[PDB]
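Chains as they are written, first to last, in the numbering used here: chain A, 11 to 209; chain B, 14 to 260; chain C, 177 to 314; chain D, 2 to 191; chain E, 186 to 361; chain F, 238 to 346. What follows is a set of notes on a single structure, which appears directly below.
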Amino acid sequence: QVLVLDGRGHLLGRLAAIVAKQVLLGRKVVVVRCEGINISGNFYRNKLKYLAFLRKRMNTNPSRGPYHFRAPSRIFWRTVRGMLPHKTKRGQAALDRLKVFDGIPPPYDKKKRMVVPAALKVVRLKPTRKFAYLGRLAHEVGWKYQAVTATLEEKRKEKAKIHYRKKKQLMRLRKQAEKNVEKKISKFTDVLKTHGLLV
Amino acid sequence: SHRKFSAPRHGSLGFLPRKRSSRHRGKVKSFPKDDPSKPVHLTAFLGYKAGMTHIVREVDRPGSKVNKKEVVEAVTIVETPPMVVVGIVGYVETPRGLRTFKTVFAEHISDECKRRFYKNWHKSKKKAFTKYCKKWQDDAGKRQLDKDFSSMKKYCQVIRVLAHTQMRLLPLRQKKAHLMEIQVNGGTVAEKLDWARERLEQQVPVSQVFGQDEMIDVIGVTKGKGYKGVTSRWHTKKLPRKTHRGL
Amino acid sequence: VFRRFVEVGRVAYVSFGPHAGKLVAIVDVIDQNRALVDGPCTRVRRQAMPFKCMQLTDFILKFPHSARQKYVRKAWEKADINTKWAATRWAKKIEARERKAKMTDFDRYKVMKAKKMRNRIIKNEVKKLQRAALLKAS
Amino acid sequence: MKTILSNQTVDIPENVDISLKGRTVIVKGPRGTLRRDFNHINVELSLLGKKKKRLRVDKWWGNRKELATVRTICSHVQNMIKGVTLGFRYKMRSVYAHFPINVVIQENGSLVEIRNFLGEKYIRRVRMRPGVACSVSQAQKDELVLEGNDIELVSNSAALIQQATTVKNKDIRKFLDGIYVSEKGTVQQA
Amino acid sequence: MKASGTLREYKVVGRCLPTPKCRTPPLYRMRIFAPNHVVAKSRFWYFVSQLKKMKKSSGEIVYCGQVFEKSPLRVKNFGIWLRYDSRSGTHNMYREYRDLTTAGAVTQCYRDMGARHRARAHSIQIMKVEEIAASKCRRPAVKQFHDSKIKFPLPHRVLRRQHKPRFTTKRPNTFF
Amino acid sequence: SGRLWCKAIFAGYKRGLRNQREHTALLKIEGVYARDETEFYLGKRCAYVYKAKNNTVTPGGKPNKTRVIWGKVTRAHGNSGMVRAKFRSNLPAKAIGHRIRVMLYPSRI
RNA sequence: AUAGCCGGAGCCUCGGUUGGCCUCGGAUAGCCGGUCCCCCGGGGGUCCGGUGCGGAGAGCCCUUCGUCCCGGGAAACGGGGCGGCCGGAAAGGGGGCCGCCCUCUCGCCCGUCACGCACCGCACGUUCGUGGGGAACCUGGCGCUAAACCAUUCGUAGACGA
RNA sequence: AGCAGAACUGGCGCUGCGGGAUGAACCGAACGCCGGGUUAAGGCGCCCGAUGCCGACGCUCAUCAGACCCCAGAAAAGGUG
RNA sequence: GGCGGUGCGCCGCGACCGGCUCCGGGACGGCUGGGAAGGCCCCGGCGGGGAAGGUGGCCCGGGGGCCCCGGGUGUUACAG
């Protein structure tokens, strides 16, 4: 009932356009690993794209001007907000269903992350083109927690490896379990093959 | 049109919010960074301004006109009584910033530090930390205190210490001590935590923290001057005498 | 590295189109993104069909680059692609999909009932080996 | 247009023992092991032939620009073969008009001290790239000799000290001073 | 003329109306590539009005019919001559194509010229399409397919049907 | 013992870009994403279930707080599996993005 | 620091929903899983199998009409009752393990016996739901006997507040 | 010259509607109150109804890319991109 | 109780008929160049030719070592 989308390898505008439509349909979408979001075009193109965005501020009072968010999660939150009717009541009610996170929170580390193949770099971009990581772009423009998130993301990398290697050994005993017991499960096995489930 | 003759602007915009300070005690916005090679030591201290006077000393700067000559220098006198360590605090480090992990105080806290936890000392019953000090004479309490200390061994990255000044030795009218987190910079987390555990309820003199001929930083609140115009606050040009609505 | 190559005589599986789900054999390459192809034994008339809707298999039957439809059928029957394709694990999991698709609601109930005790024996079998391992682990 | 297939086979000698995983090749042999990555080009690397005597690259449906990048792989793999068989010896002169350019090497070929360059009080300190050995040869005064196995690292470190000794705001047509690359050779000959 | 869909070859003949001066006018046949026969006869009178002193009022259509491909299952090489219009000046070309049908090669010619030189179909005057042998081809793009042992893989298979599994778990595999 | 209706989301009214016609509702039934799969749901009865403050009667049961707006599925909309529906009373805009039920008892099978 | 914590039924109000997936990393001119014959303190290397992913999200797990007996298959380690023990810190679980006094091969799959308003064709049915909040009623146990503001004073402050 | 003065016709003035982000003159189309259907001009990644087509063929990398009449900005020349 | 008329208190359902629409599934026929192509009858049979995107066979080279990859001649040879 809650969409947990992994942001690694996902294009900024293609993911935001699909999330914005799903969020407006009453679906709670949680986007995770926003530092893995990457944008087509060379890195130097996107930097001045964001640096000239920084220059756009209110002259008389910059505190009332555009709030330039530097975190990768809030940058992705900004581009979804521009894809939504946030000036209306239903637009702001939609944005409450969106939840962005840098790295992976402990609420969402022990969960399966969904992947949008339509909003993917490997699908929508030619292999000879250039792309820019949002995580590198954020720290290079004012984000202070890239190395902070990298070590905490490093910490859960072997912690899931322990779970996965235990998971393989857990189902290695499962796959070996049929190997001793075909003589008394063939009654259930063949009817699962006539209907096409193990063939 | 453009300005006829160029001139730099009055007042820096880095100190733009010229409001009354929300705090009265100086705050360390950025503590010195630490490396594990150095031993554990204090990085900040809290003093009180007394007055100023002259000094006479020899200058030993090569290549100057004033080399090997006697000078006078304006020097501040800051009376710095030793602190009493009353607690420690641990900080886990998050992708959203720096977050406090757990605060562990002493068994018994001196009444000078107890002044801070009350807006009105006269009407209060002085009941602060009365049930917290009951945790140190039960066997479940000591195991919980060691479990809290062992938790800070694993997860805490930055460890500060809670120490307060001593108003009894000062001639000031007030008796309310000022609490302050002081970052302990030194070796790894484990020996850093053991050093602060030993220093609990102990006198901390100035000589442990600072030394002579050493660059330090002074943090404090400016002298109050009240509501002021642009001529006093911003040092703008006074208008001529012939102005009608003021100059 | 690549193991399947678009070349004269490779048997291919059609992805989409009116002839989807059938086998077909490459005769000649017309353009960069289109090839002349002929499924003489799989009810696929000689025509041009692009690379968009074909999945190329590891089956190669040899005939000249512009041989007529008579020799393609003879090479298809000599190699006997139709029997070997059904023995491929590719087609075994292809044909299981419509078995799930045509599965009747009554057939759906019998699968669910059979899945219950089949998992009961495996879970009971797995349970015996986790406890047997821990005595062997100590 | 798109060229349907382009290739260029690299014949390797008996002393070099190459192997590849994915798109990264490794080159080992007498003088050590060299590794270089080629993930930026998206080509096919095929090591066929028994007794592994040649390596062939491939690029299907390539166009004029990237087919030019097919050949520079053959130059790069051949340079890795040369550095493992015979290495790379770079000899650099020290040209000075009046002030003798004093040179001395600290920590065994990883750091260069350059003193009295144009009579400057400043001392110039250049850090050599890892894998590069630095020393002064014998039987001639003005030589600084760089040793190594990778052509990228040795020639970059040669260009580090060449750019470190430049004459500022002067007529360089008259002021001809600095440390410049003289001879580009190998460690051992055949 | 709108180059809509695939083109069709039409064999349109015509002549002048009988006059008191001339008993039977000569008959003129052309090869016209057009989507339908209604626009083929309009295109027929366009070129005839340039070559001869002919108009549609003084002329008539004797036979308007479509000729079919004689070998639509044989891969062939087509030589196509151009008379397009640019923004500055008009130019002639010779372009080579490889297709099963003559009308398909003209269709491939119309889509290629608009892609390269941004030339519209009304600015393009086709004149001659001729079957040529493989050994007489000139452009290396066409000649690279003249191989009895042609062999190539599909290196980067751009996967389609990307939205039917709009949200999935496994990272998709662009390699087969 | 379980669900007998397909999950559908009231995406919005049948509309233009600057004009909406709130007498016809657009439905996004879960599982259908093409025009040719919308043929099964044509003619099915749709209902929007909601609860209010005052208690109203319930057919065959004690009067509850729940209320419905009955309607039917008219015809397919768009190309990507959307569909139109028409109710007796026009749906309130509070139901935008909320779950409504489409039932199967108007069955053609 | 707090003049509330644990466990039973009824009434108003707020509303949405109609089974859960408990997780490697990562590539896309490449992957996945096992054999380890090999080398060191988990990695590398080799081999074997799949690769339009079937150790597949085009997927997996649970499945519920209920009660009474009897017979067959599994099961004897197993289903369910309390205390600890540790594993969790990036925004942290009633997660697992040790022994307990009672429980049955009752659990589940096949087949026999019998019963269950069979409300006589009709709608918001069917859950998450001991859902959140609020008064009042329950029963007992466990407990705690505080601060802020005004006033006055200070003057490191100040138009008044602060 | 969004300047002044003429010829034919159509519009605004006197006129709402859909579209061009907006808009007196542009495109389509003119109006009693409604239901169903179908279109014009325009469009169909999100705002925003509609391509979530297994869309076809090619071109293009910009460290100032480009994106739809009216229309809202550009030239001569040069480029071994 | 039966027939005719009006209506059901409220919430609803179904059936058939007619009108206006959108969509789907079957079967039949006409024209062409009286379709073009295409399939089968040994390559449909016989005779005569031609080159190439050169199949056997020959030569050279390289990879194990008995098949594959290149280059050259050729006219069906064990493919076309």
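Ideal Cβ placement from N, Cα and C applies to all residues, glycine included.
So that I know if they touch, is there some Cβ in chain C lying closer than 9 Å to that of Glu45/D?
yes
Within 9 Å (strictly less), CB to CB, does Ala224/C reach chain E?
yes
List, in chain order, every chain C residue whose beta-carbon is nearer than 7 Å to that of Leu339/E.
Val182 and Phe227
Residues of chain C with CB closer than 9 Å to the CB of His173/A, please, in chain order.
Within 9 Å Cβ-Cβ: nothing; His173/A doesn't reach chain C, min ~17 Å.
Nearest-angstrom Cβ-Cβ length linking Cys201/E and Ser243/E, presumed shorter than 8 Å
6 Å
Distance cutoff 9 Å, beta carbons only. Does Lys194/A sit that close to anything in chain C?
yes
Would you call the stretch 242-254 of chain F and the stretch 213-225 of chain C in contact, with 3 or more CB pairs under 8 Å?
no
List, in chain order, every chain E residue whose beta-carbon is nearer than 8 Å to that of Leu21/D.
Near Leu21/D there are no residues of chain E at all, since even the closest Cβ is about 18 Å away, more than 8 Å.
Are there 16 or more other CB atoms within 10 angstroms of the CB of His23/B, so buried, or fewer, so exposed?
exposed
Residue(s) in a DSSP beta bridge with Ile217/E:
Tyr195/E
Could you tell me the distance, in whole angstroms, from the CA atom of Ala159/D to the CA atom of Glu184/D?
11 Å
Cα separation between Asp283/C and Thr199/A?
14 Å
Along the stretch 252-273 of chain C, where does the CB come closer than 8 Å to a CB of chain A? Name the residues.
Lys268, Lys269, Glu271, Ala272 and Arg273
Does DSSP put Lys276/C in a helix, a strand or coil?
helix
Chain E residues whose Cβ lies nearer than 9 Å to that of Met2/D
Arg324, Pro325, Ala326 and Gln329
Hey, how far is the Cα of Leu112/D from the Cα of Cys135/D?
8 Å
Can you give me the Cβ contacts of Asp47/B inside the same chain, cut-off strictly under 7 Å, excluding the 5 residues immediately before and after it?
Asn198 and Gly199
Once the 5 residues before and after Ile229/B are set aside, which same chain residues still bring their CB inside 8 Å of it?
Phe223
For the stretch 342-356 of chain E, which residues have a beta carbon sitting closer than 9 Å to at least one beta carbon of chain A?
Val343, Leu344, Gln347, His348, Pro350, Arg351, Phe352, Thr353, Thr354, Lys355 and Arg356
For the stretch 95-183 of chain B, list the alpha helix (DSSP H) runs that are entirely contained and at least 4 residues long, ordered along the chain.
124-127 and 152-168
Report all residues from its chain with a CB closer than 6 Å to the CB of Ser95/D; omit the five preceding and five following residues, and keep chain order.
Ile102, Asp143 and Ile180
Can you tell me whether residue 4/A is helix, strand or coil according to DSSP?
The shown model of chain A, from 11 to 209, leaves out residue 4/A, and the question about it has no answer.
Using a Cβ-Cβ cut-off of 9 Å, state whether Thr191/E counts as contacting chain A.
no
Within chain A, the residues that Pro108/B reaches when beta carbons sit closer than 8 Å
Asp112, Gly113, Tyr155, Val158, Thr159 and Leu162
Excluding the 5 residues preceding and the 5 following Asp38/D in the sequence, name in chain order all residues of the same chain whose CB lies nearer than 6 Å to its CB.
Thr25
Short of 6 Å in beta carbon distance, which residues of its chain neighbour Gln196/B, apart from the five on each side in sequence? Order them along the chain.
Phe44, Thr56 and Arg173
Assuming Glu108/D and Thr138/A are in contact, meaning their beta carbons sit under 8 Å apart, how far apart are those beta carbons, in whole angstroms?
The Cβ separation is near 43 Å, so there is no contact.
Those residues which DSSP pairs with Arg252/F across a bridge:
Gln257/F
Please report the residue range of the beta strand (DSSP E) in which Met124/A lies.
No beta strand (DSSP E) holds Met124/A; DSSP gives it neither H nor E.
Simplified DSSP state of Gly193/C, which is helix, strand or coil:
coil
With DSSP as the reference, identify every bridge partner of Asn103/D, one or two as the case may be.
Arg116/D
Put residue 1/A into one of helix, strand or coil per three-state DSSP.
Look at the range of chain A in this structure, 11 to 209, and you will see that residue 1/A is not part of it.
Span of the beta strand (DSSP E) around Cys249/E
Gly244 to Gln251
Would you call the stretch 266-281 of chain F and the stretch 304-319 of chain F touching, i.e. three or more CB-CB distances under 8 Å?
yes
Please tell me whether, using a cut-off of 8 Å, the distance from the CB of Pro131/D to the nearest non-hydrogen atom of the ligand NAP is below it.
This structure lacks the ligand NAP, and indeed carries no ligand of any kind.
Nearest to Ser35/B (by Cα), restricted to the options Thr235/B, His248/B and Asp226/B:
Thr235/B
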